[PDB]
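Okay, structure first, notes after.
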Amino acid sequence: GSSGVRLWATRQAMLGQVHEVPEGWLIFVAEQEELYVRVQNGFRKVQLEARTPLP
Amino acid sequence: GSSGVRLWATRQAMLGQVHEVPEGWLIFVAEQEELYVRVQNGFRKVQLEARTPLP
Amino acid sequence: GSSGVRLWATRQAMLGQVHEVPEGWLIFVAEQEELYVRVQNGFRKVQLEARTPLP
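Chains as they are written, first to last, in UniProt numbering: chain S, 1441 to 1495; chain Z, 1441 to 1495; chain W, 1441 to 1495.
Listed below in structure tokens is the structure:
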């Protein structure tokens, strides 16, 4: 078994496309800064803390 | 450095095989809807929220 | 869109290199047992539970 992480630009695309992305595939909604993992029948959003500066 | 996500069907397989999967490798137990990441000496289960419908 | 997980040995390397690693790329600081995901402008550390024994 194996998977990956799928990048997205808006919670738009990912919502009309979470249909394909097979089980156990992280789902990144970049503009929303949201990471969910594709589960059995729908998705389960993983908990992250507030952002840490980059510079 | 680089890794990936490893898919599984039951908390069975993943338990007798978490031995190989090297550090920093997410571990997905599909049937359990559990995502853990392989750490230094054992695994650290990542926190997810309750499932969001797919349809 | 697509990404991956990037492995590191110390919160050193990852701090001077979180600059490259593009959006939506998990970041693993192995020695710290920390998993963050690279977001819009800096990183957002994902929440994990305490470690589970491996043996």
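Note that CB positions come from ideal geometry on N, CA and C, so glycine has one too.
Do residue i and the ligand ATP come close, with the Cβ less than 7 Å from some heavy atom?
i	result
residue 1483(S)	For the ligand ATP, the structure offers nothing, since it holds no ligand at all.
The beta strand (DSSP E) that contains residue i, what's its start and end?
i	result
residue 1456(W)	First-last for residue 1456(W): 1453 to 1457, but that is the alpha helix (DSSP H), not the beta strand (DSSP E).
residue 1474(Z)	1474 to 1479
residue 1448(Z)	1445 to 1448
residue 1484(W)	1482 to 1485
residue 1469(W)	1466 to 1469
Going straight from the alpha carbon of residue i to that of residue j, what length do you get?
i	j	result
residue 1461(S)	residue 1444(S)	10 Å
residue 1427(Z)	residue 1477(S)	With chain Z covering only 1441 through 1495, there is no way to say anything about residue 1427(Z).
residue 1479(W)	residue 1493(W)	30 Å
residue 1491(Z)	residue 1482(S)	6 Å
residue 1487(W)	residue 1489(Z)	11 Å
residue 1495(W)	residue 1458(Z)	9 Å
residue 1467(W)	residue 1471(S)	18 Å
residue 1453(Z)	residue 1442(S)	14 Å
residue 1450(S)	residue 1448(Z)	29 Å
residue 1475(W)	residue 1469(Z)	18 Å
residue 1455(W)	residue 1455(Z)	33 Å
Around the C-beta of residue i, are 16 or more other C-beta atoms found within 10 angstroms, so that it is buried, or is it exposed?
i	result
residue 1473(W)	buried
residue 1446(W)	buried
residue 1464(W)	buried
Using a C-beta cutoff of 8 Å, does residue i count as contacting chain C?
i	result
residue 1446(W)	This model lacks chain C altogether; the protein chains it does include are S, Z and W.
For the stretch 1448 to 1478 of chain W, which residues have a CB atom closer than 8 Å to at least one CB atom of chain Z, in sequence order?
-> 1448, 1449, 1466, 1468, 1470, 1471, 1473, 1475
Members of the stretch 1483 to 1495 of chain W that neighbour chain S once the beta carbon cut-off is set at 7 Å = 1483, 1484, 1485, 1486, 1487
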